[PDB]
Amino acid sequence: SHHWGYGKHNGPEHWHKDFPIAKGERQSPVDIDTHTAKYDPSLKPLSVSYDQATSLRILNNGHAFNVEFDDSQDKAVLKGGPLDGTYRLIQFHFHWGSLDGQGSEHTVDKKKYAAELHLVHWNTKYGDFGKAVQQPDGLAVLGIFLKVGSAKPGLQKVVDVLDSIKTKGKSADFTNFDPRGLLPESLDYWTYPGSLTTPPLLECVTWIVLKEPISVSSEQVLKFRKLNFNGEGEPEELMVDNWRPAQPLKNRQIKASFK
Ligand SMILES: NS(=O)(=O)c1ccc(C(=O)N2CCNC[C@H]2Cc2ccccc2)cc1
Ligand SMILES: [Zn+2]
């Protein structure tokens, strides 16, 4: 069953055949032209409240790995910035490259980073994640670039469990992980209305992309690249280059929180 992925035969240039919204008016990711983005002095500071976050599990889903959270209560929430109301953290995942020069989905003045972290949150006025993805303001995804340099100490607990979820469908218990250890110092951001960056490509996301990248070590990102897209006992296909390239901005303005 020829399903979507990141290969020559099923990659992003093919997705529009099953998911015609792939060619829609508010697709993600996009290039962030830093000179064209306008400072919006009316944006509020972001509020990232992750002190009571409850991580549960880590899953290799065949496209990335997800660190999943208990989102049955307001434990880890994103508020403020461009957002109206309360968005609950459900999971985070990454997109990364085969080489340090590529891997991010968003670009900054056409610069590709080695990877991009997505902290996915849903608007609690819609009651569940599945209902939120049907709404134009359903999700808020906090995007953080990764560059290769110094290790990120707060990432290592993730890196060290990846050996236990090498292949598609594998999960492992992943309790007491603190996603505050993945944040940069500054919460300066760009924001624009967009989409999921994988099928079904629904146009339900407020994107909030932090200016300041986090640094990870070469050894940390090499461990991402040992994961597999394939199931156990299938021919090995390394989980690399699981990123969608930049899509046309169309009738959108990227707003900056900062001068
Ligand atoms: N890269 S992204 O943050 O836009 C993002 C976030 C979540 C999802 C997601 O998990 N989806 C999309 C919404 N329906 C459920 C599920 C389906 C899915 C499962 C695994 C991989 C990709 C998509 C996909 C992309
Ligand atoms: Zn993502």
Side-chain angles (χ1 to χ4, degrees), residues 2-34 37 59-67 90-122 129 132-133 136 138-147 168 189-210 213-214 216 221 224-225 227-230 237-252 254:
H2 192 82
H3 259 291
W4 71 267
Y6 294 98
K8 36 260 150 283
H9 299 289
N10 65 353
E13 305 310 311
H14 293 273
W15 296 347
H16 68 103
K17 291 179 276 172
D18 281 318
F19 303 94
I21 202 176
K23 291 175 139 54
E25 296 304 305
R26 60 171 276 190
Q27 288 292 290
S28 295
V30 300
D31 182 57
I32 303 165
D33 189 81
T34 64
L59 171 69
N60 179 334
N61 60 25
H63 301 295
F65 64 86
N66 289 354
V67 174
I90 178 172
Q91 55 106 318
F92 69 76
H93 61 275
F94 303 79
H95 309 261
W96 63 88
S98 55
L99 303 157
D100 295 350
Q102 65 196 55
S104 68
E105 294 208 307
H106 293 90
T107 57
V108 177
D109 298 330
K110 301 290 179 91
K111 180 186 172 70
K112 300 174 158 81
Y113 288 87
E116 185 177 328
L117 164 62
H118 286 164
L119 295 131
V120 180
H121 312 76
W122 56 272
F129 178 86
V133 299
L139 294 196
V141 182
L142 181 57
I144 304 181
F145 297 118
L146 280 61
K147 68 182 184 177
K168 176 175 70 225
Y189 66 87
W190 297 283
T191 185
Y192 75 97
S195 73
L196 298 172
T197 67
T198 69
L201 298 167
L202 296 169
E203 290 180 337
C204 60
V205 179
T206 301
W207 277 97
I208 301 169
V209 177
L210 295 194
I214 58 167
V216 302
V221 68
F224 286 17
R225 299 182 184 135
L227 290 164
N228 285 190
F229 286 130
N230 55 281
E237 191 53 8
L238 295 179
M239 183 178 282
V240 295
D241 295 318
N242 57 352
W243 51 277
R244 188 188 194 192
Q247 300 300 311
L249 189 60
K250 302 197 164 159
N251 190 37
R252 293 176 289 180
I254 303 178

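We use all heavy atoms of the structure for the numbers below, so side chains are in, but hydrogens, waters and symmetry mates are not. The chain is numbered in sequence order, starting from 1.
When atom types are taken as modelled, the side chain of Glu105 and the backbone of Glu116 share no donor-acceptor pair closer than 3.5 angstrom.
Applying ring pair (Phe, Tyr, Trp, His ring centres under 6.0 Å) to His106 and the options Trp190, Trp243, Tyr189, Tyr192 leaves one that passes, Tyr192.
For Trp96 and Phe65, the gap between ring centers is short of 6.0 Å.
By the 30° and 60° cut-offs, the orientation of the rings of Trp207 relative to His118 is perpendicular. Aromatic ring pairs are classed by plane angle as parallel below 30°, tilted from 30° to 60° and perpendicular above 60°; the pair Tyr6 and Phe229 is parallel.
Taking 4.0 Å as the cut-off between side-chain N and carboxylate O, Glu203 and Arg26 do not count as a salt-bridged pair.
Nearest heavy-atom pair, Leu146 versus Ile144, reported as atom, atom and distance to 0.1 Å: CD1-O, 3.4 Å. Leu196 approaches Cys204 most closely through the heavy-atom pair CG-SG, 4.1 Å. The heavy-atom pair separating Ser28 from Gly194 by the smallest distance is OG-CA, 3.3 Å.
Distance CD1/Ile90 to CG/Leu139: 8.5 Å, rounded to 0.5 Å. With rounding to the nearest 0.5 angstrom, the CH2 atom of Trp4 is 5.5 Å from the CH2 atom of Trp15.
Within a 6.0 Å sphere centred on CG of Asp109, other residues, nucleotides and ligands contribute more than 12 heavy atoms.
Side chain to side chain, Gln102 and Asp241 meet the donor-acceptor criterion of an N or O pair below 3.5 Å.
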